[PDB]
């Protein structure tokens, strides 16, 4: 009885683990009709 | 039976404990599409 | 059907919560020590066991009790995410390293001995003898909810 | 008839003449411990005997010997002219107090033991070991003597 | 300042709350201390969500999270127009009531001259 | 800004030039209000009748005294002749500025904390508890997957949810709902609170027209006239006295400030014709040079 | 009497003003905070429009001579010197000088050289009005004063600017500053004040992007009995596993088209059904703050300090440009011209000093001007001179 309630985005440790995951796909990858170089292909910041 | 009801933000001791926590992530950190130097990266005030 | 995953935790500026900036120089707080990077017996393949935040002695050997505590390893070559060093060093190869000693604010939750055990009161007062504010008033120790 | 009048003399800076200010954590020089505010066995309105500048050991109790000294009590709750915390605490109740430990240019003459006795050489050594400079000379003042 | 609409309310069984108060070094105490800090920082962002146990003991659930709102009707008097009427009431005595939008103001100055 | 202004007049002799032997003014030395005495800035007689001088702090003579009144030109506004320390136009504004700031702070934190539509997940506590005590169990793997998948849950080309449909009581075991304010939102509309206070502040400076002969132009003339009085009546008579130029009252020259509003070419050109076509405009180089 | 009895207190007026600022906008940092601003598309645009008219004004400049014959010769020499700097033009100087609208300060050094062959052989030109960038100055003390805080003796430049990848006397330097009195050497940058509004404006825009991405209204949710889900996880080669893998791909591709529909079993075990499909929606009320109007207020807040707030829809913008022009002209008329004439020993009375007049920032109206000449001309108040004729 230690991890009943989980709130996301309120810890730096949890934020960067999801952000730096190479398999992660987030909202900033919406390529739309055809891919364009204006939209990132990786989750982690440069 | 001493700590049933908790209200946040009504004590200076508790307000600064969360604010000065180096692991805290609050609403003023919304970096957006890519990070900018106009948005803080730490919760505590300078 | 493996989905390859990589991960990291922590930064440099979460083990050192703050400094005292000596105007006269910038190297006042630190001391440079020389340690063995890759294990003494393991092949030139093993990521060494030098996670940032380990307590090391005066001669660089990793600490095991409160007696042999001198500083906190904060070298950039062992920070989380810095892992392009695998074959660059031969077994027994010995390299310089950076320790932070004086005028520093230290996170009590990150300090550990070489084995993995968390720092204790004896180690705290040992470090705090060097003028380090060892503090446990950290906000962020519970993730997301679950 | 009597005219009930009072004076508000006193200051805080006299106990801490200077500080080393770290560009990072500005609280590097202080520590908080739970001292007893009201006397344990006294009445409910027995105001605290603690006064700013009293040496306090790491355990939180006011220092009585040079070996038991760890810092100086500089809490805002005890400073002169703002000591209105009369009867607000139960006898023997604990309360966190701010202690000044390292990086301070203290004033020797205002450091005293629990009973008010002045600090001695051993206390000076113990307090300076943390990195404190205990100055022995503040100018003082002469207000009006009709001569000087 | 006091229009706390949409404030976050959390309901937790009192067994956990009471155990934490008497056992500071128990797993219940750690989770309670985590909630007191996590709930304060609960903003809206890229990773905001909530995860609660779904246990049920009676017609009401054990754990819940709702956003409060005024159960009825709000204020009615519209204090904004009260102030505007009183401001024009004050300036009219000085002949300078035209700022609320030969004249009255020019004729008023001639009296003093 | 401070109700007050101090300028000291310093005179020097000419070495070589058109008026050799006479006295110029070297500098109208501005004394900043911040460098003045913080205790008594202005010193009076033994009675509160007149002013004998102005005091400057001794800390302004360092790098990192009483000046007689006859050497100083004093300007003040917002008060009568009996108020040496004039009333700064920011007095009055102050209470409104305090409120204006506080409201803006509430808007920023309020917009950040409006978690409407946030995702909430309910899972039986058997899975949550098993993961916490068995890090190497299948429950632990699925819990770790949820903590990362839920963070990345955006809207896109492949967004959906799939949950078990088991049921133990009147409530289901697994569920997913988007939260919303259960009631009514905020009512005070802090936007119009700020607008009222902004117009409250700018009105004291006559610059309230930006919220949309004038009030702003008339306000500037007040400041010009105060400066000219000090310049015409305190410096010029003294400057002529040093070079012993003593004239009657009607022969004293005076300084006239420039015009703050530009001349209208259309209006002025057709005004000259109407006067000129009748012959009421004298033929002098003064009129000619106006073009 | 003839004796000063005070000091300007330059060294104190500064030291109060550095405390009363948020720490991200004190001298050694403001150089970085300026260039980390500008990349805002409302901040760049305000500065660009200001420089547009400053360059225009100092393009068609003119030198106005006096009445005597001596002044006319001096005016011609001044025009030659100002139009023949080796590698420099007044437009480049004007657009370098006007940088005090970003940093409160601007430093230009005057260098003189002798003429070898030309119309004025033997005289001294100005080689370059060398601009000293604010970024290359000393980060500790940029400006050095007397032993007291009374006056300025020079300006210090960092030693790191003499490398590839010292104190300059005040008499050689032309200082321009704005936003402060004569006692503030480091002038107040117009971006001071804007700063707090810029910090808010940015944060709100970030919330809008993440908010629009996370508004999963109408998302598809499927409920399946856990017997099928659990069997698939432990029996990869069972019929349950095949159907689960089909759902994970079919549901991702579920769009609206010519053949979109759903078919689910209708079994029931309790008050709730075994299989279901619903489209989610916000159970309550949405957001209230309308972040759109928050940003608009802050944008007008920023542009107003630069006089360019009219883009949100004689003027305010035209009057603002005149301020920058007059500051530059004071340095040019009163610091360079008297010294330039002194080197070539042209000593004239006060009334005979020529001066430089900047150009006009607003174009002349052909309709208005043509009919203005007639009205003056038809009466005879317009002199017959080549000056009037050349105006056409």
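When the chains are written out, they are named A, B, C, D, E, F and G in that same order, and each has its own residue count from 1.
By our rule, contacts are C-beta pairs under 8 Å (C-beta built on N, C-alpha and C of every residue); 3 or more make two chains touch, one makes a residue touch a chain.
Molecules present, by chain and UniProt name: C, D = Head stabilization/decoration protein; G = Portal protein.
Touch-path distance (fewest steps) from chain A to chain C is 1.
Interface comparison, E-G versus A-F: the higher number of contacting C-beta pairs is recorded for A-F. Rounded to whole angstrom, the centroid-to-centroid distance between chain C and chain E, based on C-alpha atoms, equals 45 Å. Chain B and chain E have CA centres that are 19 Å apart. Spacing of chain A relative to chain E, judged by their CA centroids, is 32 angstrom. Within chain A, the positions touching two or more other chains are listed as 1-15, 17-18, 21, 26-28. Shown for chain G (Portal protein) are the residues that touch two or more other chains, namely 203, 207, 210, 213-214, 284-285, 288. With touch defined as above, chain D holds no residue shared between interfaces to two or more other chains. Contact between chains, per the stated criterion, is found for A-B, A-C, A-E, A-F, A-G, B-C, B-E, B-F, B-G, C-D, C-E, C-F, E-F, E-G, F-G. Those residues of chain B lying in contact with chain A across their complex are 23-25, 33-35.
Interface residues of chain F, counted against chain A in their complex, comprise 125, 128-129, 131-132, 143, 147-148, 150-152, 154-157.
Residues 8, 10-13, 18, 23, 26-27, 29-32, 34-35, 56, 59-65, 67, 71, 104, 107-108, 110-112, 114, 116-117, 119, 153-155, 157-167, 170, 172, 176-186, 191, 194, 210, 262, 265-266, 269-270, 272-273, 276-277, 287-288, 291 of chain F touch chain G (Portal protein) in their complex.
Chain C contributes residues 3-11, 14, 81, 140, 142-146 to its touches with chain A in the complex. Those residues of chain C lying in contact with chain F across their complex are 143-144, 146.
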